Structures are given as structure tokens and as C-alpha cells.
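Scope of the values below: all heavy atoms of this structure, side chains included, with no hydrogens, waters or symmetry mates. We're numbering straight along the sequence, starting at 1. We count ligands from 1, going down the list as the structure has it; atoms in each ligand are counted the same way.
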Amino acid sequence: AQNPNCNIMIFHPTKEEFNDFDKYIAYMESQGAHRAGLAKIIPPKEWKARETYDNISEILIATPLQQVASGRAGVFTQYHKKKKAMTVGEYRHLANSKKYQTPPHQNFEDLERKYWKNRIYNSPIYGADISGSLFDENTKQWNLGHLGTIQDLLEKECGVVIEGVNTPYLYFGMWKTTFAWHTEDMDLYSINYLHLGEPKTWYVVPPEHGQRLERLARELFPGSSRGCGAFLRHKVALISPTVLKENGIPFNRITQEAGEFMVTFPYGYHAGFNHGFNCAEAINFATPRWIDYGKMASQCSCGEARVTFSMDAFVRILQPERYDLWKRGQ
Ligand SMILES: [NH3+]NC(=O)c1cccc(-c2nn[nH]n2)c1
Ligand SMILES: [Cl-]
Ligand code: NA
Ligand code: NI
Ligand SMILES: [Zn+2]
């Protein structure tokens with residue numbers, strides 16, 4: 001059995017191995033990468049996403065979000081307060097201001113300690129889920145806007161055409177910008193590229209142990225759990241590595257740097273934070289191995305989670321018994 005301890009694996013594909021995306025995902029899984037929930041892929045030296053990042057300043061962040069915490073340093077929720085629009089250039093200047101800039105620190109571990117000690121006392125601002133892409137159209141390898149669609153995957157595996165599209169999103173982060181514990185919609189894969197800037201630290205729970213995390217979350221956020229049987233779907237709960245370790249929850253951590261890809265695997269819970277101003281791009285995707293995870297994915301039907309149009313078909317076809325109840329929550 002490959003990677004029995006569910007360690008996060010790091011891959012260094014050659015330029016030849018970088019041609020066929022699906023093939024490489026399958027190769028990583030043949031090595032047990034998925035057991036960890038998250039893998040890092042370092043592109044070959046011959047590859048680049050686009051020529052420069054010199055001309056990105058005019059991109060608009062239509063609704064920046066201020067992430068306001070409640071709770072305690074290691075166990076907190078965050079809610080997203082909407083702010084007035086601003087450009088990426090304006091956001092970059094804000095991230096670098098004395099109020100929001102990354103503090104002096106010795107190494108990634110010192111910064112990690114400062115994050116978990118101090119995050120709740122600040123409210124960082126970020127740009128999230130901005131449809132768009134920064135890959136140049138001439139980048140033919142691992143271009144996140146040119147991947148096979150989930151709708152086509154389902155059609156290929158199960159035989160029926162469905163409506164819906166699948167396009168990338170941009171994220172602009174600053175110090176302490178936080179992504180709460182979650183799996184992807186319908187327990188899809190994700191792929192995540194860090195285009196520019198400071199690092200992003202990730203925490204992940206092996207898929208085989210996701211229920212352990214759920215059980216702990218239920219204990220630590222008891223009101224939220226009563227409100228929804230899949231409340232981690234809401235993407236607002238944080239639990240620190242110290243608290244995870246105290247509670248015996250299996251997990252791993254890794255820092256992604258600019259120029260690196262991260263893949264999350266079906267039912268791999270993840271959370272993390274940004275070290276300073278950065279830009280990432282991400283998209284969900286599927287493979288044949290996802291289908292069984294999609295069939296079995298929990299769903300939030302309390303109303304809070306969101307309205308993702310593309311998800312409808314996925315629930316409708318894979319989860320017919322649940323569909324009407326889920327559709328009401330939409
Ligand atoms: N699955 N991918 C993610 O959860 C992900 C991808 C890119 C950026 C972020 C993110 N970075 N800061 N807040 N959220 C999350
Ligand atoms: Cl700090
Ligand atoms: Na470990
Ligand atoms: Ni995610
Ligand atoms: Zn819910």
C-alpha cells in the first residue's frame with residue numbers, strides 16, 4: 001500500500017510529464033499521494049504561467065471581504081464583511097500598509113506561531129472567488145482555464161450530458177487572510193496555483209480520517225452543528241494545529257510558494273493562511289475516481305452554504321434522493 005502514513009508528497013514532473021494533466025494526476029495517485037489529501041507539484045524549470053505580472057494592477061476586486069473572527073485563538077469562526085471595491089493595485093498597497101503588513105519573523109514556523117497566537121485580534125481583507133485567469137493563453141501545460149470540465153467528466157463516466165460550466169477563480173490575499181476548514185463542493189478535487197507574492201500555508205486531514213475532523217468540529221462548535229449537519233460546508237470554522245494535536249486528529253502541514261501548484265483530493269479537508277500579499281488561482285476538477293466521492297458527498301441544505309449553479313446537476317444525477325431537499329436549501 002503506497003504512502004500508508006498519508007504524508008504530503010511533493011512532485012517534480014519533467015517537461016514531458018507535464019503535458020498530460022490527467023495522466024500525471026493518476027501517476028501521483030499510483031504513488032499514494034491522495035492519501036494525504038493534498039500534494040505539491042513543482043513545475044519543470046522550462047515552464048511559466050505567463051510572461052510577467054507587471055500589468056495586473058487594474059483588475060478589480062468588486063467586493064473585498066474583511067474576515068472578522070470570534071471565539072478563541074485556537075477555535076474560532078470568521079464572518080465576511082463586505083467592503084467597497086478596489087483594484088488589485090489599491091489592494092496591494094493596503095496589504096503592505098503598516099496596519100496589514102506581515103510582521104518581522106525568523107522563518108515559516110515563527111510566522112505560523114504568530115498567526116495562531118494573534119489572528120483573532122485582527123481582521124484582514126481579501127479578494128475571493130473572482131472569476132478570471134492569469135494564465136497566458138499560450139501556456140499549454142497545466143493552464144487552469146483549459147482543463148477538462150467536470151460536466152464532461154460526468155458525461156464520459158455516466159453517459160448523460162448536463163448543463164453547467166467550470167471556470168477558474170482568482171484570490172488576492174494578505175497577511176492573516178484565512179481559509180476555513182472545508183472540503184470542496186461535492187468533494188471534488190481542487191488545483192491551486194500561487195501566481196505571485198508571499199506564501200500560503202496549508203493544513204490537511206487525510207480523506208480516510210475526515211470524519212474525525214467532523215466529529216471534533218461538532219464538539220467545538222456546538223451551536224453551529226445544531227444548525228446544520230454539514231456546517232463545515234459553510235466555510236467559517238477554524239481549529240489550530242495545537243487543538244488538532246490535542247485531540248488526536250491526523251493532519252499535515254505544508255507551505256506553498258509562488259510558482260507552485262497544490263492539488264487537493266476528494267474529501268481532503270484543508271484550511272490555511274497567507275503570509276502577506278499574494279495572488280492565487282484555483283479551479284475544481286474531477287477524475288473517474290471522484291464519481292464515488294460525489295455520490296456520497298454530504299450536503300448543506302440549511303441555506304447558509306451558497307448557490308452554485310453547476311452543483312445542481314451534480315446533485316440531481318449523483319444524489320437523486322437528496323436532490324429535492326438540497327434544492328430547497330438553494
Ligand atoms: N481548494 N482551494 C482552496 O481552498 C483555496 C485555493 C486558493 C486560495 C484559497 C484561499 N486563500 N486564501 N483564502 N482562500 C483557497
Ligand atoms: Cl502578528
Ligand atoms: Na504526519
Ligand atoms: Ni478548497
Ligand atoms: Zn448548512
Side-chain angles (χ1 to χ4, degrees), residues 3-9 35-39 61 64-67 69 73 78 80 91 95 98-105 110-130 132 134 144 168-206 208-209 232-233 235-236 238 241 244-245 248-256 258 260-285:
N3 190 22
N5 286 354
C6 301
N7 297 316
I8 299 168
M9 298 178 73
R35 291 194 68 179
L38 178 69
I61 302 173
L65 300 175
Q66 180 168 38
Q67 303 187 290
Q78 58 187 4
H80 293 180
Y91 180 81
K98 294 188 186 174
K99 182 176 186 56
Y100 292 111
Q101 181 61 289
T102 315
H105 59 284
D110 184 25
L111 192 69
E112 179 183 43
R113 278 190 296 275
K114 288 174 166 34
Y115 174 84
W116 291 105
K117 187 178 167 274
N118 301 313
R119 158 69 184 95
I120 63 167
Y121 304 109
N122 301 83
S123 298
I125 298 166
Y126 85 129
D129 300 325
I130 294 160
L134 290 174
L144 300 188
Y169 301 90
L170 301 171
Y171 299 82
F172 294 94
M174 68 168 58
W175 168 232
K176 286 176 174 167
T177 296
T178 300
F179 48 111
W181 282 105
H182 67 289
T183 61
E184 306 303 299
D185 290 336
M186 289 297 277
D187 294 342
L188 284 158
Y189 297 70
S190 70
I191 179 155
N192 312 279
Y193 184 67
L194 192 54
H195 281 285
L196 176 72
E198 305 315 306
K200 180 181 313 282
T201 294
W202 300 68
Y203 301 94
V204 62
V205 174
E208 72 198 59
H209 301 305
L232 292 173
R233 289 294 169 199
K235 306 190 327 168
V236 299
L238 279 300
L244 294 176
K245 279 207 172 323
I249 307 306
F251 73 96
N252 285 112
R253 74 189 81 190
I254 193 166
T255 301
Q256 177 188 24
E260 304 179 338
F261 289 90
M262 308 297 294
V263 167
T264 80
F265 295 90
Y267 197 62
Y269 274 104
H270 53 284
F273 70 88
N274 296 295
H275 293 206
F277 172 69
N278 64 22
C279 173
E281 179 167 344
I283 197 174
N284 297 122
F285 71 93

A.B. asks: Hey, does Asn192 come in under 3.5 Å of ligand 1, counting only N/O atoms on both sides?
C.D. replies: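 Looking only at distances, the answer is yes, because the N/O contact criterion of under 3.5 Å is met.
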A.B. asks: How long is the span from the CD1 atom in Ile283 to the OH atom in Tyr169, to the nearest 0.5 Å?
C.D. replies: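 Rounded to the nearest 0.5 Å, the CD1-OH separation comes out at 8.0 Å.
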A.B. asks: Restricting to N/O/S atoms, is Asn252 within less than 3.0 Å of the Na ion (ligand 3) or not?
C.D. replies: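 Short answer: yes, at least one N, O or S atom is under the cut-off.
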A.B. asks: Nearest heavy-atom pair of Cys279 and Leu134: which atoms, and what distance?
C.D. replies: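 Heavy-atom minimum between the residues: SG-CD1, 3.6 Å.
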A.B. asks: Side chains of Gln66 and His80: donor-acceptor distance under 3.5 Å anywhere?
C.D. replies: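 Note: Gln66 and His80 side chains miss the donor-acceptor criterion.
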A.B. asks: Mark up the atoms of ligand 1 that fall under 4.0 Å of a heavy atom belonging to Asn274, in ascending order.
C.D. replies: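 Those of ligand 1 that fall under 4.0 Å from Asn274 are 11 (N), 12 (N).
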A.B. asks: What do you reckon, does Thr264 have a nitrogen or oxygen under 3.5 Å from a nitrogen or oxygen of ligand 1?
C.D. replies: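 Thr264 vs ligand 1: no N/O contact under 3.5 Å.
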A.B. asks: If I take atom CZ from residue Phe172 and atom CG from residue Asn274, how far apart are they, to the nearest 0.5 angstrom?
C.D. replies: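 The distance works out to 12.0 Å.
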A.B. asks: Going by the order shown, which atoms of ligand 1 are within less than 4.0 Å of some heavy atom of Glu184?
C.D. replies: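 Going through ligand 1 atom by atom, the ones under 4.0 Å from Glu184 are 1 (N).
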A.B. asks: When rounded to the nearest 0.5 angstrom, what is the spacing between CD1 in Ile249 and OH in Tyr203?
C.D. replies: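 It comes to 15.5 Å.
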A.B. asks: To the nearest 0.5 Å, how far apart are OG1 in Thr255 and CE in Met262?
C.D. replies: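 Result: 8.5 Å between the selected atoms.
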A.B. asks: Quick check: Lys200 and ligand 1, any N/O pair under 3.5 Å apart?
C.D. replies: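 N/O-N/O distance below 3.5 Å exists for this pair.
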A.B. asks: Specify whether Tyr193 and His195 have parallel, tilted or perpendicular ring planes, treating 30° as the upper limit for parallel and 60° as the lower limit for perpendicular.
C.D. replies: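 If you compare the ring of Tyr193 with that of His195, the planes turn out perpendicular.
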A.B. asks: Could you tell me whether the side chain of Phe277 reaches within less than 4.5 Å of the side chain of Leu196, counting heavy atoms only?
C.D. replies: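 The answer is yes; the side chains approach within 4.5 Å.
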A.B. asks: Relative to the heavy atoms of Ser190, which atoms of ligand 1 are at a distance of less than 4.0 Å?
C.D. replies: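 Those atoms are 1 (N), 2 (N).
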A.B. asks: Heavy atoms only: which of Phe273, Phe179, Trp181 is nearest to atom 15 (C) of ligand 1?
C.D. replies: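 Comparing heavy atoms across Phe273, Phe179, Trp181, the nearest one to atom 15 (C) of ligand 1 lies in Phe179.
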A.B. asks: Would you say ligand 1 has an N or O under 3.5 Å from any N or O of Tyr171?
C.D. replies: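 No, since none of the N or O atoms of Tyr171 sits under 3.5 Å from an N or O of ligand 1.
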A.B. asks: Please indicate whether any nitrogen or oxygen in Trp202 is less than 3.5 Å from any nitrogen or oxygen in ligand 1.
C.D. replies: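 No, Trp202 has no N/O under 3.5 Å of an N/O on ligand 1.
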A.B. asks: Could you establish whether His182 and ligand 1 come within less than 4.0 Å of each other, counting only heavy atoms on the residue side?
C.D. replies: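 The answer is yes, since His182 has a heavy atom less than 4.0 Å from ligand 1.
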A.B. asks: Looking only at distances, please establish whether an N/O atom of ligand 1 is found under 3.5 Å from an N/O atom of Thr178.
C.D. replies: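 By distance alone, the answer is no.
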